[PDB]
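Asker: Dropping a structure here in structure tokens format, bear with me for questions.
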Amino acid sequence: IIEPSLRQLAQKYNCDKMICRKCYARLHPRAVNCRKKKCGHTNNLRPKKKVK
Amino acid sequence: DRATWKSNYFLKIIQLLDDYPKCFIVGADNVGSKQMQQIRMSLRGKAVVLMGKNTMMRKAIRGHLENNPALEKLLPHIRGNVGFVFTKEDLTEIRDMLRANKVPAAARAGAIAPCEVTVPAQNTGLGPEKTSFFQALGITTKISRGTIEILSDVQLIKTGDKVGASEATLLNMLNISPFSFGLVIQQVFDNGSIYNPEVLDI
Amino acid sequence: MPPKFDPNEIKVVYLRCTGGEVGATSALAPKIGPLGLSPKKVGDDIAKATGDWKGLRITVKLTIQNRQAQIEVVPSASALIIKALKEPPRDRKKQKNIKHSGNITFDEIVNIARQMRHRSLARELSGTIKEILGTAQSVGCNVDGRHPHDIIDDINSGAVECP
Amino acid sequence: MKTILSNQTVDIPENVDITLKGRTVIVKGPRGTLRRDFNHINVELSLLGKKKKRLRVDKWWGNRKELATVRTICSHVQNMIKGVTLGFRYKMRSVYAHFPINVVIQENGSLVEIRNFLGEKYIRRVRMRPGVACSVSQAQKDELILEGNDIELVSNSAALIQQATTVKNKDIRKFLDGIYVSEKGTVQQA
RNA sequence: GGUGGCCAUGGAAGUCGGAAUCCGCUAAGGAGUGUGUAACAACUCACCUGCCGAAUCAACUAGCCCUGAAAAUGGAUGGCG
Ligand SMILES: [Mg+2]
Ligand SMILES: [Zn+2]
């Protein structure tokens, strides 16, 4: 259907990401602070939910 | 931890540098924790394997003891995953030979060393045609009933030449197992001597 | 086995645990023993007779596969004999006081215990196993009037008799 | 706190010739020539190394947030050397479940045409920046190769087509479709 | 590794949870940070190594700027700026 290494490529671009608990912005997996000025670089971060 | 224990490990290495004059420098680039549990008990009657870290550059402080000059030739070999195996009874090679067990093949691409690798003209035994690894390089092959054969032979890669990725994956599928001097031995020390594993020192 | 389903003298090992009487609630080995000419009932009820006569607290079970014969030996585990070195069995159904009773003293019986530990420990000559299997205690907790907390420190026996 | 001085030297190889017009470096080697101004960054570009061996950037009496600008110029220059000696080669692979992503280039690069993404009728067209030669690869099934010299021109063209193939109103945790940058490499390896 | 350790079996062999609970190989591996897996595995993290050459790390505290910060005729540091 979709080959494994090809899949975990697009996963790298769509899935493994931290997300701001404040402003829902999408960040890379090493993030400890957010980007946005609107939330205030919160650090209330949480992984993107892995689809079941 | 590691203010008194660090000063403890210094006392265990300085003891094996004086008590045991026979030193075996081994390299363990690939190893498992259960693998050494068996090597220490398959050589328990003879040897004592001592594994350390960067601090193995402490032979200076045993040489700083105003006593031993010849430990300066042990300087250029404390680098790249080096640990020591001191033994009392080691007479000569006769023990060093019985240590070489089943250890690296696996022939990675980008390697150089051992010798002129040959593939004797024997029936491979792989599945049907499967000749894309023979045809990409070029060797006369024929399909006898079922399996593949090689109806000629020459040396694939010579000494000093690089091994490509396709000619390395084909040697691992044929079960031919060259290109390795891993967890066996690197450089021996015995009474200020300089051994060299270009073949006289065994 | 290798190329085309060729058995050749079958002698294959498979290990199992959790021995009650035997089992037989429409359940045994399978996924390993259906394919391999072994049954689910006969080779199960024969696992009783050998894993019985006071084996009824959780055991380890190696069963050697000959053509359709299952050799049901009981290989002793390190903490299963120390459970069998207990004040001997209250089995099931009242026992009701579950499994942490714990005073059995195993003085020279751990010595026999660390003797019948076949080849498993890659061992220093019992100067340390007398503490390895002496520190794996939650039930017994020592020779008649002590704790295993203070046997870890000493030990004044067996060192030069085991080698 | 203002730091009195920070600097960093670039090791220019022997293939290339870098010659700075005050603050605008120009870099010419085998493949071509590149240029980049820096009349926003307020540093001293010296060419101290002789015969030609060192591009040395100073900053000077600057504080925390400008001392950071020292190395980012340093890297923008090595990327310029690595682009005119070897050249960048971004590879991107097409991923999909059912509808095959149907790529075809149309001038030399300069027009990447994508049919049948998620079955969509609307044919997506994507220009390339000047100097970027897009090309459909071989020795792989669903794979483009973007070549050129400017890392800046090549990698945003890659993003231009990576961002053109995005799904709307779906769970992109499941619908993992599109053309994604798979390998940031070079043209010649040496 | 001793190790399907013990409790718990509904599965917890390190890992829903808990009493815990230490040795061997030791270099170093917590009877385990987690990913998850019915459980493993597989992966990973502590811990320890291989490479590199000198400053690095953590918790607090305060100054300024940002977030918190949404109202209705257009709009007010007095204005320009
Ligand atoms: Mg919807
Ligand atoms: Zn945010």
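Residue numbering restarts at 1 in every chain; chains get A, B, ... in the order shown in the structure tokens, and ligands count up from 1 in that same order.
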Check every protein, DNA and RNA residue against ligand 2, keep those with an atom at most 12 Å away (counting only C-alpha atoms (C1' of nucleotides) and all ligand atoms), and present them as a list in words.

Answerer: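 Those within range of ligand 2 are residues 18, 19, 20, 21, 22, 23, 24, 25, 26, 27, 31, 32, 33, 34, 35, 36, 37, 38, 39, 40, 41, 42, 43, 44, 45 and 46 of chain A; 67 of chain E.
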
Asker: Could you dump the residues just selected with C-alpha atoms (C1' of nucleotides) as a PDB file, in the first residue's frame?

Answerer:
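Once everything was written out, this is part.pdb:
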ATOM      1  CA  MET A  18       5.635  19.043  19.268  1.00  0.00           C
ATOM      2  CA  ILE A  19       2.603  21.293  19.536  1.00  0.00           C
ATOM      3  CA  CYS A  20       1.999  24.354  21.666  1.00  0.00           C
ATOM      4  CA  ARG A  21      -0.585  23.623  24.350  1.00  0.00           C
ATOM      5  CA  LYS A  22      -1.304  27.360  24.338  1.00  0.00           C
ATOM      6  CA  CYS A  23      -1.702  28.250  20.643  1.00  0.00           C
ATOM      7  CA  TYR A  24      -1.814  24.857  18.843  1.00  0.00           C
ATOM      8  CA  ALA A  25       1.131  25.790  16.599  1.00  0.00           C
ATOM      9  CA  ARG A  26       3.151  22.927  15.126  1.00  0.00           C
ATOM     10  CA  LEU A  27       6.861  22.623  16.013  1.00  0.00           C
ATOM     11  CA  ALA A  31      11.269  22.114  20.685  1.00  0.00           C
ATOM     12  CA  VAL A  32      11.271  23.255  24.278  1.00  0.00           C
ATOM     13  CA  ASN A  33       9.828  26.706  23.521  1.00  0.00           C
ATOM     14  CA  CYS A  34       7.229  27.766  21.029  1.00  0.00           C
ATOM     15  CA  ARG A  35       7.741  30.122  18.072  1.00  0.00           C
ATOM     16  CA  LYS A  36       4.739  32.387  18.282  1.00  0.00           C
ATOM     17  CA  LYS A  37       4.658  35.806  19.861  1.00  0.00           C
ATOM     18  CA  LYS A  38       0.926  35.334  20.491  1.00  0.00           C
ATOM     19  CA  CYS A  39       1.283  32.598  23.134  1.00  0.00           C
ATOM     20  CA  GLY A  40       4.504  33.928  24.643  1.00  0.00           C
ATOM     21  CA  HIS A  41       7.027  31.154  23.892  1.00  0.00           C
ATOM     22  CA  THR A  42       5.195  29.021  26.353  1.00  0.00           C
ATOM     23  CA  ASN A  43       7.117  25.705  26.801  1.00  0.00           C
ATOM     24  CA  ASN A  44       3.775  24.025  27.653  1.00  0.00           C
ATOM     25  CA  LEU A  45       4.533  21.572  24.855  1.00  0.00           C
ATOM     26  CA  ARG A  46       3.158  18.149  24.023  1.00  0.00           C
TER      27      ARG A  46
ATOM     28  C1'   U E  67       2.190  37.277  26.433  1.00  0.00           C
TER      29        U E  67
END

Asker: Which protein, DNA or RNA residues have an atom within 9 Å of ligand 1, counting only C-alpha atoms (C1' of nucleotides) and all ligand atoms, as a ChimeraX atom specification?

Answerer: /D:169-171

Asker: What residues in region 9-143 of chain D get the DSSP label helix (DSSP H, G or I)? Please answer as number ranges by chain.

Answerer: D: 64-85, 117-119

Asker: Please dump the current selection as a CSV table (one decimal), in the first residue's frame; keep N, CA, C and O atoms.

Answerer:
chain,number,residue,atom,x,y,z
D,64,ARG,N,25.6,40.6,22.1
D,64,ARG,CA,25.2,39.2,22.0
D,64,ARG,C,24.5,38.9,20.6
D,64,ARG,O,24.9,38.0,19.9
D,65,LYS,N,23.5,39.8,20.3
D,65,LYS,CA,22.7,39.5,19.1
D,65,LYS,C,23.3,39.7,17.8
D,65,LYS,O,22.8,39.3,16.8
D,66,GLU,N,24.5,40.4,17.8
D,66,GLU,CA,25.2,40.6,16.5
D,66,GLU,C,26.4,39.6,16.4
D,66,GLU,O,26.7,39.2,15.3
D,67,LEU,N,27.0,39.3,17.5
D,67,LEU,CA,28.1,38.2,17.4
D,67,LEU,C,27.5,37.0,16.8
D,67,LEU,O,28.3,36.2,16.2
D,68,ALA,N,26.2,36.7,17.0
D,68,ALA,CA,25.7,35.6,16.3
D,68,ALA,C,25.7,35.7,14.8
D,68,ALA,O,25.8,34.7,14.1
D,69,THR,N,25.7,36.9,14.3
D,69,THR,CA,25.8,37.1,12.8
D,69,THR,C,27.1,36.8,12.2
D,69,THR,O,27.2,36.8,11.0
D,70,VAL,N,28.1,36.5,13.0
D,70,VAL,CA,29.5,36.3,12.5
D,70,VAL,C,29.5,35.0,11.7
D,70,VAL,O,29.9,34.9,10.6
D,71,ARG,N,29.1,33.9,12.4
D,71,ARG,CA,29.2,32.6,11.8
D,71,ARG,C,28.1,32.4,10.7
D,71,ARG,O,28.4,31.6,9.7
D,72,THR,N,27.0,33.0,10.8
D,72,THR,CA,26.0,32.8,9.8
D,72,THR,C,26.4,33.4,8.4
D,72,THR,O,26.0,32.9,7.4
D,73,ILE,N,27.3,34.4,8.4
D,73,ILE,CA,28.0,34.8,7.2
D,73,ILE,C,29.0,33.8,6.8
D,73,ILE,O,29.1,33.4,5.6
D,74,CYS,N,29.8,33.3,7.8
D,74,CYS,CA,30.8,32.3,7.5
D,74,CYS,C,30.1,31.1,6.8
D,74,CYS,O,30.7,30.6,5.8
D,75,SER,N,29.0,30.7,7.2
D,75,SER,CA,28.3,29.5,6.6
D,75,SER,C,27.7,29.8,5.3
D,75,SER,O,27.8,29.0,4.3
D,76,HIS,N,27.1,31.0,5.1
D,76,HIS,CA,26.6,31.4,3.8
D,76,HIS,C,27.7,31.5,2.8
D,76,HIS,O,27.4,31.4,1.6
D,77,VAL,N,29.0,31.6,3.2
D,77,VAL,CA,30.0,31.6,2.2
D,77,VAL,C,30.5,30.2,1.9
D,77,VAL,O,30.7,29.9,0.7
D,78,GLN,N,30.7,29.3,2.8
D,78,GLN,CA,31.1,27.9,2.5
D,78,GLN,C,30.0,27.3,1.7
D,78,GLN,O,30.3,26.5,0.8
D,79,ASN,N,28.7,27.5,2.0
D,79,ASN,CA,27.7,27.0,1.2
D,79,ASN,C,27.8,27.5,-0.2
D,79,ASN,O,27.4,26.9,-1.2
D,80,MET,N,28.4,28.7,-0.4
D,80,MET,CA,28.6,29.3,-1.7
D,80,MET,C,29.8,28.6,-2.4
D,80,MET,O,29.7,28.3,-3.6
D,81,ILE,N,30.8,28.2,-1.7
D,81,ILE,CA,31.9,27.5,-2.2
D,81,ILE,C,31.5,26.0,-2.5
D,81,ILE,O,31.8,25.5,-3.6
D,82,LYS,N,30.8,25.4,-1.6
D,82,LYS,CA,30.3,24.0,-1.8
D,82,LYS,C,29.3,24.0,-3.0
D,82,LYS,O,29.0,22.9,-3.5
D,83,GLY,N,28.8,25.1,-3.4
D,83,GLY,CA,27.8,25.1,-4.5
D,83,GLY,C,28.4,25.3,-5.8
D,83,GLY,O,27.9,24.9,-6.8
D,84,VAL,N,29.6,26.0,-5.8
D,84,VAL,CA,30.2,26.3,-7.1
D,84,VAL,C,31.3,25.3,-7.4
D,84,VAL,O,31.8,25.2,-8.5
D,85,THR,N,31.8,24.5,-6.4
D,85,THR,CA,32.7,23.4,-6.6
D,85,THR,C,32.0,22.1,-6.9
D,85,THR,O,32.3,21.4,-7.9
D,117,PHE,N,-2.7,14.1,-8.1
D,117,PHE,CA,-2.5,14.1,-6.6
D,117,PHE,C,-3.9,13.9,-5.9
D,117,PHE,O,-4.8,14.7,-6.2
D,118,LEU,N,-4.0,12.8,-5.2
D,118,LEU,CA,-5.2,12.5,-4.5
D,118,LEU,C,-6.4,12.4,-5.4
D,118,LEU,O,-7.6,12.5,-5.0
D,119,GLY,N,-6.1,12.2,-6.7
D,119,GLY,CA,-7.2,12.1,-7.7
D,119,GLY,C,-7.7,13.5,-8.2
D,119,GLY,O,-8.6,13.5,-9.0

Asker: Report the distance between CA of residue 89 (chain B) and CA of residue 120 (chain C) in Å, rounded to one decimal place.

Answerer: 27.5 Å

Asker: Check every residue of chain B for an atom within 8 Å of chain C, counting only C-alpha atoms, and provide those that qualify as a PyMOL selection string.

Answerer: chain B and resi 37-38+41

Asker: Please identify all polymer residues within 10 Å of residue 131 (chain D), counting only C-alpha atoms (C1' of nucleotides), omitting same-chain residues fewer than 6 positions from it, and present them as an MDAnalysis selection string.

Answerer: chainID D and resid 109:110 147:150 153:154

Asker: May I ask for the distance between CA of residue 105 (chain C) and CA of residue 145 (chain C), given in Å to one decimal place?

Answerer: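 Spanning CA of residue 105 (chain C) to CA of residue 145 (chain C) is a straight-line distance of 7.9 Å.
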
Asker: Please, what distance in Å, to one decimal, runs between CA of residue 164 (chain D) and CA of residue 130 (chain D)?

Answerer: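 Here the two named atoms are 18.5 Å from each other.
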
Asker: Report the residues of chain C whose backbone DSSP state falls under strand (DSSP E or B), written as a VMD selection string.

Answerer: chain C and resid 12 to 17 60 to 65 70 to 73

Asker: So which residues touch region 10-22 of chain B within 7 Å, counting only C-alpha atoms (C1' of nucleotides), skipping near sequence neighbours fewer than 6 positions away, as a list in words?

Answerer: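 Near region 10-22 of chain B, the qualifying residues are residues 62, 86, 87, 88, 189, 190 and 191 of chain B.
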
Asker: Which chain A residues are at most 7 Å from chain D (counting only C-alpha atoms), as a PyMOL selection string?

Answerer: chain A and resi 1-2+6+10+14-15+51
